[PDB]
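This document opens with one chain alone, in structure tokens, the form deposited in one PDB entry.
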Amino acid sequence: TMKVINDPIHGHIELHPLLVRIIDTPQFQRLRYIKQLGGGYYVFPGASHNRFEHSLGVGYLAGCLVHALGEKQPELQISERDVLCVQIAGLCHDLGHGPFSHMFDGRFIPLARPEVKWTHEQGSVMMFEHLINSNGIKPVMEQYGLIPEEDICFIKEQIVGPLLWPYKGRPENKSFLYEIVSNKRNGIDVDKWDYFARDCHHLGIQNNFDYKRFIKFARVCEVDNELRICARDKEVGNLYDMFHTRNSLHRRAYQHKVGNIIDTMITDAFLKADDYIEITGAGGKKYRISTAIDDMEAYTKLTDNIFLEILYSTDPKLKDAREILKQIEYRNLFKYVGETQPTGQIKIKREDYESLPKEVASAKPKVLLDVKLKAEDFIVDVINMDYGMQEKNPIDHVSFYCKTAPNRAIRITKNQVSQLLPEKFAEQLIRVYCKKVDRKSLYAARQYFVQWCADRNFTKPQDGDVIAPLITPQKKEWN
């Protein structure tokens, strides 16, 4: 018999016994102890929510969309085997997030182990494998009409993409299934739909996107010898508004100036603690925080706990790390100086991130300073805001249909919709913070920053005339 569970976002979800069996494992219940928004909780006090319930919701919506397409179009021959596989993918899609979610794969691992190219998705695949094997799920999958050989590939492929037609999990006549959980084509997936609704509910922001409606106007059509999901022509407006809502949530919440500084501070503390924390892995081998990603039995035990483990410890080897975390409780955070963007089409490459603190200290502002500041005193945080496909417009990669010809797929350009849409679909934000908190050093930092902006032909800080009044007239372009 089905099991019913009450999510505050989606209401009463039914869970197929196979799903319940996957959910009730240490690998999945692990997600109860990892917050969705990482350090965001320390700015938005509503945002206590964890991956566990997000993972449930994504599984649910995956089920909704695939099941809806099947009702709408029997010709597709979507089996309850396909449905289950899509649900399972959705359910397990973020199994591989680290402590504090995106802080881990986005800040920490890149710093701790620059050699590796590792993502939360790759983790999810490996963790899924470990979940299946350590809990004897293969027999249960068979019991409910699945074929582990084919289907475990199909599930993995939904999550990370592919391990001519690149997929071994399903044929070309069911390519639409790959667009549900994690849409490689345009980015419109149920992952987004859940976290919009969920993050908004818990943050204290209202969500401007109706996933239910998009489902009612979704439909599979042939596009280039392949069956893919298409939206109705009228929905094009709502789809641009979906990616606006995404970018807006990043601006207000996910990339919040203090949320990000807390993320960097927690990352900093992890880096200092990494050497002295051991985690028992497979066959008892000892793994560090940074190396737990290599073994899943170890990574199973690596959660937000590691924060409090560091905070509460008395090991003097951890004193450096513990002091950073104590500074977060007391709220002696590194101080925000200002924000800026590049101009023209000057993209700042990732390689150069290391060097930018040096450049800020190196500026010679024509103003008398009390204090000189070294490059180690500065933090520069570079942030790429986009519409999910770097410089591309994702709507140019969406297929549409008309009321008059619902099997005929078409394209809608930007010009066909509106002149009030974005000109570009990607940019960079550069936040500068200063490690020295005091009145004297903050004034100095501001002068260095606003000069550095003029030095590199960046945009004038919004507060620029106030914070560095002596420096802003210098630039001819700012008048």
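Note that residue numbering follows the sequence shown and begins at 1. Here the rigid core means the biggest group of C-alpha atoms that line up within 1.5 Å when the two forms are laid on top of each other.
So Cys402 and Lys403 are neighbours in the shown sequence, but is anything from the deposited sequence left out between them? Give the count as none, 1 to 3, 4 to 9, or 10 or more. Count of unmodelled residues in between: none.
Pick between 197-205 and 255-263: the one whose mean CA B-factor in the entry is higher. Between 197-205 and 255-263, it is 255-263.
Mean CA B-factor: is it higher for 12-20 or for 462-470? According to the entry, 462-470 carries the higher average C-alpha B-factor.
Please pick out which of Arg30, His49, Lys436, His67 has the largest Cα B-factor as recorded in the entry. Each of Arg30, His49, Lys436, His67 was compared by C-alpha B-factor; the highest is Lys436.
Report the option among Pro394, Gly145, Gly169, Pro357 whose CA atom has the maximum B-factor in the deposited record. By C-alpha B-factor in the record, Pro357 ranks first.
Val450 by Cα B-factor - lowest, middle or highest third of the modelled chain: It falls in the top third of the chain.
For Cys221, the third of its chain into which the C-alpha B factor falls: Its C-alpha B-factor belongs to the middle third of this chain's values.
Thinking about Cα B factors across the chain, which third does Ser101 belong to? It belongs to the lowest third of the chain when residues are ordered by C-alpha B-factor.
Looking at the temperature factor on the CA atom of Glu71, which third of the chain's modelled residues does it land in? Middle third - that is where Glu71 ends up once the chain's C-alpha B-factors are sorted.
Select lowest, middle or highest to describe the third in which the CA B-factor of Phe425 falls within its chain in this entry. Middle third by C-alpha B-factor.
Keep in mind that the form deposited in another entry is missing from the display, and what follows is about it.
Fit the core first: which of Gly338, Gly123, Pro99, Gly169 then shifts its CA by 2 Å or more between this form and the one not shown? If I go through the list carefully, the shifting residue is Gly338.
2 Å or more on the CA of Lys272 between this form and the one not shown, with the rigid core superposed, yes or no? Comparing forms between this form and the one not shown, the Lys272 CA shifts below 2 Å.
Answer yes if the CA of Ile147 moves 2 Å or more between this form and the one not shown after aligning the rigid core, and no otherwise. After core superposition, the C-alpha of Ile147 moves less than 2 Å between this form and the one not shown.
Tell me, please, whether between this form and the one not shown the C-alpha of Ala112 is shifted by 2 Å or more, with the rigid core used for superposition. It does not reach a 2 Å shift.
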